[PDB]
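Trainee: Build me a model:
(chains A and B, ligands or ions: 1)
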Amino acid sequence: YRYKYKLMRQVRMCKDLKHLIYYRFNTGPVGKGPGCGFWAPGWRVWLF
RNA sequence: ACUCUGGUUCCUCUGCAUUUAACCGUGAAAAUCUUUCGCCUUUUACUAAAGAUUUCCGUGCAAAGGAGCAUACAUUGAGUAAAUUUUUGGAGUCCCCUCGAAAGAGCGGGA
Ligand SMILES: [Mg+2]
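Mentor: Residues are numbered from 1 along each chain as shown, chains lettered A, B, ... in the order given. Structure as follows:
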């Protein structure tokens, strides 16, 4: 971000996808904490 | 009877994918310029909207050439195989009057 502050656009978007993914992932007995490994949405952002 | 060609899979070149309601992309970046908002003692890197252009990751089809695999001649464009009322298994023949040298023609007449 130091060398390209517009990259805050993608930083925000991966923060937004994490909330999207986690709150559907962490449902029922699956609690808070590590293990949410659905890496594909976040990966795509950085390829674009 | 004519000329027309082996299937598949892959590589690469060339051309085209504008009458967009909308869509070569059921996905989604970056830049430049112009303008308008917000940061700010400046510039860069920025905010977030508009308009105009670019680059980049990709897409489709046609056509040509080549490279691998196992193997088949047909088949495309041009063009093949019924004696019972309505058609293709005979209601057909023959003979007088008329106009005209000539040969036909009248819902002509007769067997
Ligand atoms: Mg100065």
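Trainee: so the spatially most central residue of chain A is in which element?
Mentor: The centre of chain A sits closest to residue A:18, judged by C-alpha atoms, centre = their mean, with a distance of 3.2 Å. Element membership for residue A:18 (DSSP states H and E) is helix A:8-25.
Trainee: Now for the closest residue to residue A:11 other than its chain neighbours, how many residues are close by?
Mentor: Once flanking residues are discounted, residue A:11 sits nearest to residue A:1: 6.7 Å by C-beta to C-beta, 6 or more residues apart in numbering. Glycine gets a C-beta too; all of them are placed from N, C-alpha and C. A count of neighbours around residue A:1, defined by other C-beta atoms under 10 Å, yields 9.
Trainee: Just the residues contacting the strand or helix carrying residue A:46, thanks.
Mentor: In this structure, residue A:46 sits in helix A:40-47 according to DSSP H and E. Here helix A:40-47 makes contact (C-beta atoms under 8 Å, 6 or more residues apart in numbering) with A:10, A:13, A:14, A:17, A:18, A:20, A:21.
Trainee: and with 7 Å instead?
Mentor: Outside helix A:40-47, the residues within contact range by C-beta atoms under 7 Å, 6 or more residues apart in numbering are A:10, A:13, A:14, A:17, A:21.
Trainee: need the contact list for the second one.
Mentor: Under the criterion of C-beta under 7 Å, 6+ apart, the neighbours of residue A:13 are residue A:45.
Trainee: Spell out which parts of chain A neighbour RNA strand B.
Mentor: Counting by C-beta under 7 Å from any atom of the strand, the residues of chain A close to RNA strand B are A:2-10, A:13, A:44-45, A:48.
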